[PDB]
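Written below as structure tokens is the structure these notes are about.
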Ligand code: HEM
């Protein structure tokens, strides 16, 4: 289930973080505009860039923290608040987040693995609701 998925992802966080992030950019290529240093770079070039792996892992580490603190896939309002208030997220809308979770769920469904993909979808929906309430447009 969802708790196991957090363990699966954490077990190999660098790989999963990079592969899910690339799945997101692949499905929604216009989203790459938010990451100015990754424009025009192949996947292998990206993986050779210190901050690509480091920062992408940090994104997913926080995601796993928020996921683990949730109850029945309902995130803490304080965690939603953190995400809204981050300077790096100042121009984002909840739609950016829903796209990430759509790509993440698609990735899970296509993987050779028994992720609780329905739960990740529901967590994404609940997170979008919480982001909206905390002030994200
Ligand atoms: C629940 C989902 C998300 C979480 C937990 C999260 C978390 C984080 C964290 C921890 C950082 C700091 C990375 C660092 O400087 O090392 C970050 C940066 C950033 N995030 Fe988010 N993020 C999420 C979703 C998104 C989405 C959907 C977008 C846009 C499509 C986005 C855009 C950015 C950008 C542009 C940065 C700065 C990139 C950098 O300095 O390398 N994030 N995020």
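Residue numbers (the UniProt record's numbering): 2 to 138.
In this text, a Cβ means the ideal position worked out from N, Cα and C, and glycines have one as well.
- Ranked by how close their Cα comes to the Cα of residue 138, the residues 98, 107, 117, 112 have 98 in first place.
- Counted as a single uninterrupted DSSP element, the alpha helix (DSSP H) harbouring residue 118 occupies residues 118-134.
- Across the structure, residue 48 and residue 30 are spaced so that their CA atoms are roughly 18 Å apart.
- In terms of Cβ geometry, residue 2 and residue 117 form a close pair [threshold 8 Å].
- Judged by beta-carbon spacing, residue 132 lies within the 8 Å limit of residue 85, meaning their Cβ atoms are closer than that value.
- The beta carbon of residue 59 sits closer than 7 Å to at least one heavy atom of the ligand HEM.
- For residue 114, there is no enclosing alpha helix (DSSP H), as DSSP gives it neither H nor E.
- The segment 3-10 and the segment 76-83 do not touch, with fewer than 3 CB-CB distances between them shorter than 8 Å.
- For residue 72, the beta-bridge partners assigned by DSSP are 75.
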